[PDB]
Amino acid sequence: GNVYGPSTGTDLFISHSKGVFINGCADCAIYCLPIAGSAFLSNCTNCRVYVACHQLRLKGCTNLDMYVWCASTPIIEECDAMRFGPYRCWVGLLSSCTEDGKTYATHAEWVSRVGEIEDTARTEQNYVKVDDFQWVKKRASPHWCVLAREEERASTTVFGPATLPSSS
């Protein structure tokens, strides 16, 4: 369970692990190698985040663009101005490597082999459905939406060096 942040204005590189917690980051891009477990973000604002994971939960976040490959539906809580896109927008992952130097040619391979999500076909599109569970009114939640094609930020950024966790 690696803990990262708080941090402002510096791009973060989160290596593969079985769980991450990201607290109090602002005004940056966050590039995560696939996490074979849950990712929890709290109190983050104005960040662009690229993450693959088994579960994704966000609390107290505002103006996050989330590029996500998740085995389950992402959950938000006390969040607003959230926009969701696919992990494949991190084009630079494909020119990156694992800690052991392994490289894969597609995002599905990365997510299957490093993320340990076996059913890549069924999960890729989980980012279009978000569970804003405290919004119990009948109408769609106004707190999140899906990024339009032209608003996708297709990052060519290569991973590394890994950001050192604050704790574990």
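Throughout, we count residues from 1 along the sequence that is shown.
Of the two segments examined, 22-30 and 52-60, it is 22-30 that shows the higher average Cα temperature factor in the deposited entry.
Of the two segments examined, 91-99 and 69-77, it is 91-99 that shows the higher average Cα temperature factor in the deposited entry. Set against one another, the Cα B-factors of 130, 114, 105, 47 in the record reach their highest point at 105. Annotation for residue 10: C-alpha temperature factor in the highest third relative to the rest of the modelled chain, per the entry.
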